[PDB]
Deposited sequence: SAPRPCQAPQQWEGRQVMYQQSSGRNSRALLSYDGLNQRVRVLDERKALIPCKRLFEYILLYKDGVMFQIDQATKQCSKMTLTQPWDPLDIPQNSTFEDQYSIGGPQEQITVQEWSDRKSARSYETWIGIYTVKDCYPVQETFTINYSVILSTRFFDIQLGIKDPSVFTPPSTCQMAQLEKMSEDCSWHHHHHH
């Protein structure tokens, strides 16, 4: 069992759980791993994260008032690293209609990442970050379509200067 190659360019939607708030938040997701840029649209904000630059933008969907700020965090792609240990492979659904998926744990320096990806074509289904086994942040992805249909989603409005 060798890690697959997740698509580095796709659009879909996500449900993100945070333990601090303890909540799930649904949003659309534009993931561009080639340009290391990602934009999420709340389903009330829109966020545009440009990692090649040092900047992220937070936009009121109604107001367009834009707050720009240094990104701080380093880039972490939505794929399974080569040095990640294989944990399990299971099937979601059941007999007459199933996905086979696999689960991987990178354990990046006691913070550990654990991601579940589809087996043959490797769309991301879920990603979970956990500190000392206390699940800090988890996200599920669905309706994935490869590539970006309109890259203007990553260009900030003129409100952000």
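Inset, instruction - Could you please spell out the deposited residue ranges that have no C-alpha entry in the coordinates? - result: In the chain as deposited, 1-2, 46-54, 121-123, 176-194 carry no coordinates.
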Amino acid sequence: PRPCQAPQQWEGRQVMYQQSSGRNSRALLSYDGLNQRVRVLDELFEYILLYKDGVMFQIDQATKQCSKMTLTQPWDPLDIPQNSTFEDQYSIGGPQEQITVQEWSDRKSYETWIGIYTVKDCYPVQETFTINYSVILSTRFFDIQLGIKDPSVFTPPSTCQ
From here on, numbers count along this sequence of modelled residues.
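Legend entry - Comparing 113-121 with 95-103, the one whose average Cα B-factor in the PDB entry is higher: According to the entry, 95-103 carries the higher average C-alpha B-factor.
Inset, instruction - Quick one: say whether 62-70 or 124-132 has the higher mean Cα B-factor in the deposited entry. - result: The deposited B-factors put 62-70 ahead on the C-alpha mean.
Inset, instruction - Could you tell me which third, lowest, middle or highest, the C-alpha B-factor of residue 143 occupies within its chain? - result: Residue 143: CA B-factor falls in the highest third of its chain.
Inset, instruction - Determine, from the deposited record, the chain-internal third of the Cα B-factor for residue 31: lowest, middle or highest. - result: Within its chain, residue 31 is a middle-third residue by C-alpha B-factor, going by the deposited values.
Inset, instruction - Within this chain's modelled residues, let me know which third the CA B factor of residue 44 belongs to: lowest, middle or highest. - result: For residue 44, whose C-alpha B-factor we compare with every modelled residue in the chain, the answer is the highest third.
Inset, instruction - Would you please rank residue 6 by its C-alpha temperature factor against the other modelled residues of its chain and give the third it falls in: lowest, middle or highest? - result: As the PDB entry reports it, the C-alpha B-factor of residue 6 lands in the lowest third of its chain.
Inset, instruction - State the tercile, meaning the lowest, middle or highest third, of residue 82 with respect to the CA B-factors recorded for its chain. - result: Its C-alpha B-factor belongs to the highest third of this chain's values.
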